[PDB]
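This document opens with one chain alone, in structure tokens, the form deposited in one PDB entry.
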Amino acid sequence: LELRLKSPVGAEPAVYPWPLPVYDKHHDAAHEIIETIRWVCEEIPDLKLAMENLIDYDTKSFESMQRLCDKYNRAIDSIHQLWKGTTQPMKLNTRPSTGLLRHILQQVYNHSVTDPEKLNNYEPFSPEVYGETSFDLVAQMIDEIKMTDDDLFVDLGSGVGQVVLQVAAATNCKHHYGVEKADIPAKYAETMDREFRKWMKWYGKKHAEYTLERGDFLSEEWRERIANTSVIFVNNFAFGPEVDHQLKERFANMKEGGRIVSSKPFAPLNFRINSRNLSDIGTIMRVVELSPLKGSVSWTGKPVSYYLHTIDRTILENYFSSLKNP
């Protein structure tokens, strides 16, 4: 006893058991199905036409849901016949739109994070405190911090890996990495990885290369990896002064133009270079606050902020030039 959705591009159908599972208070498989059909309709205008010709969905009855799926599946067959005619088939090889990606990542997450409660079982007041950066902040990061095929992206402390997946889907960096130390999120990230590749194949959408790794970003191996990374993302809000200090040491080896996006600044925003602070990491970076997304508040009730650091040794060079002057 099952529900099936055919892939728009001929991948293996998506199959859902009955009764349909629930993911949390605001997400279940029934609505995932309905939204998936909605989104495939956005990918294919012709399919959207066929679906207009709409019905009552209850989400409680098998026959009603089996009915909805059958109507979608029949419309998919016909579109597939259309593509055998003269009609150009949906272009493959494209990136998903923002709206489609959101849905894809929610879907991947719901299928991968089988017990979301388990992510809260970290040692409190430690660097392992878990918190998820929202899809919208990542989207803003992607928009403002323009990346090219020259860039290498790393999420330091990548959790279940969903920041990496979003960036990999939206940009053409040569490679994207996430590294995560804790067992529970790193275990989930393995399923996130498989579900992402599967679902992206299912929709016929491409992503850049990425790897999700278990590891410790303070390790010897990671010193060099960090030095060669051009865009670092790091949700360091709960890392603490010790870990932040260790990261500063790693960042001091980065190249000009290297960028770090973080939820807590690595240097003060008003940094004034002088004779006492010569070795502070502030001597080699510009730090700006990224614009808050309209009406977004933190647990502090203040607009949640992220910070962009750009490696710029020009700061230091200019100070030393000034010392050869009046």
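Residue positions are given as counts along the sequence shown, with the first one as 1. For clarity, a rigid core is taken as the largest C-alpha set superposing within 1.5 Å between two forms.
There is another form of this protein, the form deposited in another entry, and it is not shown here; the text below is about that form.
Superposing the core, which one of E132, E190, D244, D216 shows a C-alpha shift reaching 2 Å or more between this form and the one not shown?
Everything else stays below 2 Å; the exception is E132.
At a 2 Å cut-off on C-alpha positions, does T300 qualify as shifted between this form and the one not shown after fitting the rigid core?
Yes, its C-alpha moves 2 Å or more.
What direction does the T133-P265 Cα distance move in the other form compared with the shown chain, closer or farther, given a change of 3 Å or more?
Distance between the C-alphas of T133 and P265: longer in the other form, by 3 Å or more.
Closer or farther: how do the Cα atoms of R286 and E132 compare in the other form versus the shown form, where the change is at least 3 Å?
Farther apart in the other form, by 3 Å or more.
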